[PDB]
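Below you will find one chain, with nothing else, as structure tokens; this is the form deposited in one PDB entry, and questions on how it binds or moves follow later.
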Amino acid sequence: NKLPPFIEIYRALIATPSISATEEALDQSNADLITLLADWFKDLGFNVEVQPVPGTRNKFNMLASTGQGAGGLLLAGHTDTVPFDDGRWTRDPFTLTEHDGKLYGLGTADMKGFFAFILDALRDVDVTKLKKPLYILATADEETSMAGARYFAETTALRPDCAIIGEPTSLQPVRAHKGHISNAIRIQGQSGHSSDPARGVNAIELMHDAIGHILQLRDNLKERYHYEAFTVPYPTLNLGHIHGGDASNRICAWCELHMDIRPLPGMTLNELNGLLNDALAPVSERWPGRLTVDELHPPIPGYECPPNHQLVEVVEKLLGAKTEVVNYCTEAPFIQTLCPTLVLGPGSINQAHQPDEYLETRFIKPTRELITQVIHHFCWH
């Protein structure tokens, strides 16, 4: 079975909905997308394994393999997209449309195009002639939980020489980014009429005490840790949303705060959890049982690719570009547990998750070239 031309591959991927969401009604299975990729890889002569990802709403990972033995190259991407706002799109998000040197569609930039590029570059490559293995990972639920990548990293026996995750980086090689933890702090107070405030426990007052401690943690993070390579050098902590209480004339019976932290590479999740628990401890100990912490998504550590890796040397030379760091988060921390990993892909973060998302056609040739060249270097040598 011959592989369709690049634009047809791209078009079919965009046309196959794969939105992930916390809300079940918006959370679409990536079964169709995964099978489409899996059979294209099978057609090119890869061994392909599709696995259900435990704990997801019917989502799957795909790993396509050619070759056996140590090392080789892993090319990795996620299959899901974010949802779309049909108020703000002006085209069908599932219809790949070329206009004014741009290819529009949901996931054109983030990040279905990367798979089209891989397949198109492999069009004629005889995988029987490779000397080291080539692996392609397609993951579930990157945009929500990262359960696909986490599950793969937890279970796989593979240890490649190196990996590239094709997130949109404008084909600039990214070697590090911050982590991401997002929590809801929930405080249960006691109701009562405002004519006698002392008679109950006021959840806003307790949340005030808690926020004091959380802001002291924010200050300590910022005072203690700095990596000026990041445009924001410190670990960040953001108070995003707060809600509680019925009415002005009633003791506030509950209050919830949603916050996040973006730790620098090198801080462990265990460390950071300890620092948050320590921060809240004075409140939890004064008011036993009343304060709880929930995660809004599973936590993700920061990451950094080590120096002096062939991957960097080769890619920097191929692109004429030095590695950069970013403040946002990817599956790289999970993949980096397996091998040295870069984040490198076509399209721009500026279009990711946006209405009328697109990928510029100018990325087509340089992306095809990069992929051909890294396969040659890491698999054909």
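Throughout, rigid core stands for the largest set of C-alpha atoms superposing within 1.5 Å between the two forms. One-based numbering along the sequence shown.
Just going by the entry, 116 to 124 versus 203 to 211 on mean CA temperature factor gives the higher value to 116 to 124. In this entry, the higher average B-factor at the C-alpha atoms falls on 19 to 27, of the pair 19 to 27 and 359 to 367.
If you compare the C-alpha temperature factors of 64, 319, 343, 34 in the entry, 319 comes out highest. Per the deposited record, 92 carries the highest C-alpha B-factor of all listed residues (92, 143, 260, 167). Per-chain ranking of the deposited C-alpha B factor places residue 58 in the highest third.
Annotation for residue 68: CA B-factor lies in the highest third of the chain's modelled residues. When the modelled residues of the chain are ordered by C-alpha B-factor, residue 191 sits in the highest third. In this PDB entry, residue 218 carries a Cα temperature factor that places it within the lowest third of its chain's modelled residues. In the deposited entry, the Cα temperature factor of residue 81 places it in the lowest third of its chain's modelled residues.
Not pictured, yet referred to below: the form deposited in another entry.
Once you line up the core between the shown form and the other one, the Cα of residue 170 stays within less than 2 Å of where it was. Relative to the superposed core, residue 242 undergoes a Cα shift of 2 Å or more between the shown form and the other one.
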